[PDB]
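The chain below stands alone and is given in structure tokens; this is the form deposited in one PDB entry.
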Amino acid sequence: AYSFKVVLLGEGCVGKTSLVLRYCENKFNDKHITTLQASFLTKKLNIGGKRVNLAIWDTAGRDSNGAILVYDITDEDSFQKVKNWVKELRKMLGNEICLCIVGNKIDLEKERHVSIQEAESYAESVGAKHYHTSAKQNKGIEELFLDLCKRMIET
């Protein structure tokens, strides 16, 4: 009965499709197969006795209730690029949209080049919540989507 549209955004190597494929199929690919077109899948959840249909839109590289802005923790450049989307989404929809700033590939912690403090403090500064995930190890994905849904219900 709750119906939310959520979009995944981020640079070309951050793992947008990998997050969705793991969450929805329990699968993961080492090959980067670049997304040529936006596509959706619907996740059904019950939260607080309420049914939720979550339309998750993956993107090729105004409607949305939430946006998942994915970066690669080993790639500083991928993190800074998130900030453009934040600026654009905030200009468009203000604080209405639930923003997630997601550091993916936490399995590659050994090669981290984005500071967690900067990531989290930046997230807070734009009214966003920060999240850590790995599509490869299936960590933090269940909770990302769940938390985003809870947050989208609060309005």
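Residue positions are given as counts along the sequence shown, with the first one as 1. Here the rigid core means the biggest group of C-alpha atoms that line up within 1.5 Å when the two forms are laid on top of each other.
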**Item:** Other PDB entries, at least a third, lacking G66
**Value:** no
**Message:** At a threshold of one third of the other compared entries, does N104 come out as unmodelled?
**Reply:** no
**Request:** Might you work out how many residues are unmodelled in the deposited sequence between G61 and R62, and answer none, 1 to 3, 4 to 9, or 10 or more?
**Result:** 10 or more
**97 to 105 versus 82 to 90 - which carries the larger mean C-alpha B factor in the record** = 82 to 90
**Message:** Highest recorded C-alpha temperature factor, please, choosing from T42, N46, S39, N26.
**Reply:** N46
**Message:** Please say which third, lowest, middle or highest, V52 falls into when its CA temperature factor is compared across its chain.
**Reply:** middle
**Message:** Taking only the Cα B-factors deposited for this chain, tell me whether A1 sits in the lowest, middle or highest third.
**Reply:** highest
**Message:** Split into thirds by Cα B-factor across the chain's modelled residues, where does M152 land: lowest, middle or highest?
**Reply:** middle
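In what follows, reference is made to the form deposited in another entry, a form of this protein that is not presented.
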**Complete:** Shifting its Cα by 2 Å or more between this form and the one not shown with the rigid core aligned, the only one of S125, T34, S115, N53 is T34
**Item:** CA of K43, rigid core aligned, shift of 2 Å or more between this form and the one not shown
**Value:** no
**Core-superposed C-alpha of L93 shifting 2 Å or more between this form and the one not shown** = yes
**Item:** Distance direction in that other deposited form for the C-alpha atoms of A38 and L41, relative to the displayed form (3 angstroms or more)
**Value:** closer
**Asked** in that other deposited form, do the Cα atoms of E76 and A38 sit closer or farther apart than here, given a shift of 3 Å or more?
**Response** farther
